[PDB]
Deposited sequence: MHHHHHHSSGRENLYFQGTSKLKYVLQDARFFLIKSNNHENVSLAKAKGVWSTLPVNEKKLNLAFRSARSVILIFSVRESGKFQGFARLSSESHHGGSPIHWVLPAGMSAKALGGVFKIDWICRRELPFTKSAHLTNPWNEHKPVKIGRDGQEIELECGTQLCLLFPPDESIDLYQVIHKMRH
């Protein structure tokens, strides 16, 4: 059922993450980390302190899909265990909520009021998604049998 996920998302902010490289998303999915450019890093740190949950919704450029979504469990931090990103910032710890794909053909009815009411798939890396549109987008993803929401729910309290 959706009660658990709706609780996680109740007071959430949502950001589109656009990656040019599937490899960095694979790395991020396995290790539970993300890094971004300075403007977006600042935005995400502010959001982490302002909302009960900050959700990153990932899309690899030219893939036609979202690849999953995750919740920040920390602000960005420097000097920690270095993440060997594939090069084409601080490291955010993230807990994945869904690592399964959602094709854009399943989100075509959703438009983001904070991006001129364009379809939610459209946006630059870091585009913020308004609460209801982001919630509905996250609810479209299929259940991920590899993920247990329990850890996230305990972290919010």
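Novice: What residue ranges of the deposited sequence are absent from the coordinates?
Specialist: Unmodelled stretches, in sequence order: 1-17, 106-113, 183.
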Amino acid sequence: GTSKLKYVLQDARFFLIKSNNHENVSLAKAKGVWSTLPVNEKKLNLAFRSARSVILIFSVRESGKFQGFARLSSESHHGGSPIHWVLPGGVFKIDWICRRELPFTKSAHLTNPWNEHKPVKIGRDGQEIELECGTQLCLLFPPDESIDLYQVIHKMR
From here on, numbers count along this sequence of modelled residues.
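Novice: Report the stretch with the higher mean CA temperature factor, choosing between 35-43 and 95-103 on the basis of the entry.
Specialist: Here the higher of the two C-alpha B-factor means belongs to 35-43.
Novice: Taking only the CA atoms, which stretch has the higher mean B-factor in the record, 124-132 or 44-52?
Specialist: Stretch with the higher mean C-alpha B-factor: 44-52.
Novice: Looking at the temperature factor on the CA atom of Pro113, which third of the chain's modelled residues does it land in?
Specialist: As the PDB entry reports it, the C-alpha B-factor of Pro113 lands in the middle third of its chain.
Novice: Per the entry's values, where does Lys155 land by CA temperature factor relative to the rest of its chain, in the lowest, middle or highest third?
Specialist: Tercile = highest for this residue's CA B-factor.
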